[PDB]
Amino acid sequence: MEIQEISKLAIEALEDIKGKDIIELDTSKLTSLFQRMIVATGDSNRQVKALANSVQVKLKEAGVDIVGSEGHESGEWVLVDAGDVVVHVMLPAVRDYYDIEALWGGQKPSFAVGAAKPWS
């Protein structure tokens, strides 16, 4: 389907498992790697991995092969690479720590809950 089509499919998928603070950034004029990026939050590895799974299962039944996933194990920061669009599902403390949204000119959602050991 169309670039912003697969995007809405990945977002809806993140919504099927109650994803928190879901956002979509247009990296179009920032890199050639991908056009649209999505960053959603999962309150627990369980939810994070479920959000990650939902995104893959949804894009597959729609005929959108996935380049591959990463970090689906620990469930702290899972990256579902879908070619021109990629989804980032990560724990609140993790999202805030790395703040990859800022990079692509995006503001990370309010946290203030605790992240003294983001590497732990």
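Position 1 is the first residue in the sequence shown; the rest follow in order.
**Student:** Comparing 75 to 83 with 56 to 64, which has the greater mean CA B-factor as deposited?
**Tutor:** Averaged over C-alpha atoms, the B-factors run higher in 56 to 64.
**Student:** For the stretches 24 to 32 and 42 to 50, which has the higher mean C-alpha B-factor as given in the deposited record?
**Tutor:** For C-alpha atoms only, the mean B-factor is higher in 24 to 32.
**Student:** What third of its chain's C-alpha B-factors does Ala102 belong to: lowest, middle or highest?
**Tutor:** Ranked within chain, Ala102 CA B lands in the lowest tercile.
**Student:** Should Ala112 be placed in the lowest, middle or highest third of its chain by the C-alpha B factor in the entry?
**Tutor:** Its C-alpha B-factor belongs to the highest third of this chain's values.
**Student:** Could you place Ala13 in the lowest, middle or highest third of its chain by Cα temperature factor, using the values in the record?
**Tutor:** Middle third.
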